[PDB]
Structures are given as C-alpha cells and as structure tokens.
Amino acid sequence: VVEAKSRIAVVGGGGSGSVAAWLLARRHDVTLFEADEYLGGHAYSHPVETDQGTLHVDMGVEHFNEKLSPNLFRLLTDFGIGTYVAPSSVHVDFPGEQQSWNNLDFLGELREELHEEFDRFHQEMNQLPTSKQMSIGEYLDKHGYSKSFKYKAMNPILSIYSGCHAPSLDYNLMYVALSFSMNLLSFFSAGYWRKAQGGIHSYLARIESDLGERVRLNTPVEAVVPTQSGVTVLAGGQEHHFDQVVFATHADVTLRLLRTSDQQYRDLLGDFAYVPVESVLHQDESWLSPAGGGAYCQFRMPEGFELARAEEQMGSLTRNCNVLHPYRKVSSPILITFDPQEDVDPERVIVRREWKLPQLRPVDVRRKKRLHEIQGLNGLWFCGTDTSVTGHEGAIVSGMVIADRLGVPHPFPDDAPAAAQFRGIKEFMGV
C-alpha cells in the first residue's frame, strides 16, 4: 500500500535500477545509489581515441533486437538513439592445423567433421518449442550428439553470452533452443543483432540527465535497515530515511546490504550462482585468427586442449570491433578479449573490467521465480537480472514491473510487443 510522493531509494545504478528510478521519479521522491562512477553496470561503453574521433566501445552489454528487446528499443527510439545491425558472425579455432569452423561458410576440418550434427541440431531446436526444464548438456547426451560437438561447437558458440568460464552445458534447454529458433545463434548464418549508436551508454547518459541530482554516483550503500517508521539506508557515511526501497543489485549484494533478523531472506537470496567475466579492451592484433578475420566473434582454444577431460581446458572469446560498420574507417585495431587464457600484451591493453554473470541452469531459473515471496514486505522491492529473464530487456523490464507496482504504469502500452514483454516479465516475477 504505497502513497504517492513517497521517499523511495533505488539501490544499484545498472540498467534495471536506472530505468526503475527514471520511471519512479515521475510519481515519487526518488534517490538512486550507485557504487561506481557511472550508470549502467554491465552496460559500459569505454571511450577509445582514434583517427576518426572518440569512440565509445561496449565492453559488456552490447546486443539486442527490436523483436527480442521491444522496451529497450522503444526507449532508444524515444531518446533519438540510432541502432545498427552488427551480425553475430562466429569463427571457432582449435589447435590442429585447419581445425576450425565458422558461421559464414563451410570451410575448416572441424566443419567437415561436425556439419551433419550442426544440421540436425538446427532442425531439432526449431522443432523443440512446439509439442523444458532440462539442461542443454543433458539434451545433447540423450540425443546422441558427439562429445566433439559438445565441446568444439556448442560450448564455444554459447560462450558469447555466457562467458568462456561458464558451465554453459548446464544451462536450461529452452534458452539455447530459442537462441537458435530466433536466429540469435546459428551454425549456418550470422545472427540478427543490433548495437546502439555511440555505445549502449547513450541511453543511460540520457537517464542520468533526466534524473539529474537524484543520482548518487560513487555512493555504495553499506546497509539497508527496515524499521517501524520506514526503511533506513546507510551510504557514504550518512543515514538516509525512505518510505520504500528498491534493490536493483545482485542477490549476493542485496543479501550483504540487507540487514534483517529474518532468515527467509538468507534462504531466498543465499547462494545464487554466478560466473566471473574479465573483459579486456585491447589493441593486440595477435589475438585475431589468421583464417578468422571478418567474423565478429572469434573463439580460440589453446594448444594442450585434449578431448578426453574437455572440461578442464577453457577457451577465449574475442570481439573484432573493426568489423562493425561504424568502425570501418578506424585504422587502429579495437579488440575485446573475454577471459583470455593466454596473456594479452600489457602495452596494448586499454582497460580491463571484471563482472559476474548469473548462471542459467533450470535450478537458477526456479530460484529467481521464488522471490515473489519477499516482494513488498518491510517496504522492500527487488528488480534486476537475478529477479528476471536473461538479457537486458529482462533486466530493465523488471525495473518497469516494480515501477507499475508503485503506481507508474508500463510506459509503452501502445507497443503491443513491449506490453507483451511487460506482461510476461510481470507473470515471471512474483508481482
């Protein structure tokens, strides 16, 4: 039971928090706390100086579609932010001579070896959504796919979203099925993908401007204490009082900040699974695949791979930003290596970033759904990646869902797919 013009705090300045604060700001007194020096979190664009001018390179969140991300798209559109097609072309390289396969054509020894399996996979995945809670790994095993397919094709292609470190093979089937079914990932063609003009940051910079002074950068919240009068927030050596609090931070962070003598919170937010990611923005051209170049996503496997004990060895994924259409005139290399197994030359490094991605096993999905129990109690609310469906659309729409619960309705009722997303995420979240 929330009255208008309440004092509301939003903890976490990532996509979900920023969009939640921004929508909440219309009807309530809103304050947004953010630990780091910018808004976005995983949505980060780093300025790179080049012969064409200053480019803002997306190191984390970078992909969406008008179909997959309707709310994010309408938002970018309403902000006069242009988008552009950056197709998901993939090149996978293995230690043996010509042990490769790619999205664009049929070249490589690995392509020869696995072609029939790639072919059956697409069919099976397209036929699957029709006529559930099973891992991709389980599926591949029961449907007689080779171990070589699992580790030389499936695991590398899934690394683009999941990160090379991820136990991707343990992720729910529908997530993989739909990534194929909706041409996001393919073995035969580059996936239909878009990026935002001047980086993903552009939409967040606008939100920051709209919120102005309500945004508290470099203000990590240390504790959240509900009381009888209202919730108390401790941040930057000050105590702030609020009617309600919205957590837009990771479940592990939420729990660390959250201070209550209730152990339901420990049950619900305890041991959410995460995957660490190290994003390396660099100019070391040695990372490009000799046979690779032209492909956007370049996966490389180090020398001592060994198919038996495939799990111990890990791969490295590189984004070749030069391939991006707006970066076509740039003379200097712009590369992003995630979790580089081999050392990246330090003289060529621009910046490093360290994040953690949530795991997507059917158990993790079940864990996420269960939060509706604590939704709205002690004047607390939870949005973000850990409370919603995977991807940026899911993160920001969870923020939207909470704003609707606090009076500010879904801002795009006209956009039928955006309303469809909203309704879907609302059903998924306990709200």
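In case it trips you up, residue 1 is the first one in the sequence shown, and so on.
- Item | Sequence continuity check, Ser131 and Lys132 (deposited residues unmodelled) | Gap between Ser131 and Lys132: 4 to 9 unmodelled residues.
- Query: Which is higher on average in the deposited entry, the C-alpha temperature factors of 312-320 or of 81-89?
  - Reply: Mean CA B-factor is higher for 312-320.
- Quick one: higher average CA temperature factor, 40-48 or 374-382? Here the higher of the two C-alpha B-factor means belongs to 374-382.
- Tell me which of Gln123, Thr232, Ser186, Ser202 tops the list for C-alpha B factor in the record. It is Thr232.
- Deposited CA B-factor, highest of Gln341, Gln298, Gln197, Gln283: Going by the entry's C-alpha B-factors, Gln341 comes out highest.
- Position of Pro417 among the chain's modelled residues by C-alpha B-factor, lowest, middle or highest third: For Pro417, whose C-alpha B-factor we compare with every modelled residue in the chain, the answer is the middle third.
- Message: Based on the deposited C-alpha B factors for this chain, I'd like to know if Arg366 is in the lowest, middle or highest third.
- Response: As the PDB entry reports it, the C-alpha B-factor of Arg366 lands in the middle third of its chain.
- Query: By the record's CA B-factor, is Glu208 among the lowest, middle or highest third of residues in the chain?
  - Reply: Lowest third of the chain for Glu208's C-alpha B-factor.
- Check where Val408 lands among this chain's C-alpha B-factors and tell me if it's the lowest, middle or highest third. CA B-factor rank for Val408: highest third.
- Task: Would you mind checking where the Cα B-factor of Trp193 ranks among the modelled residues of its chain, as the lowest, middle or highest third?
- Result: CA B-factor rank for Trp193: lowest third.
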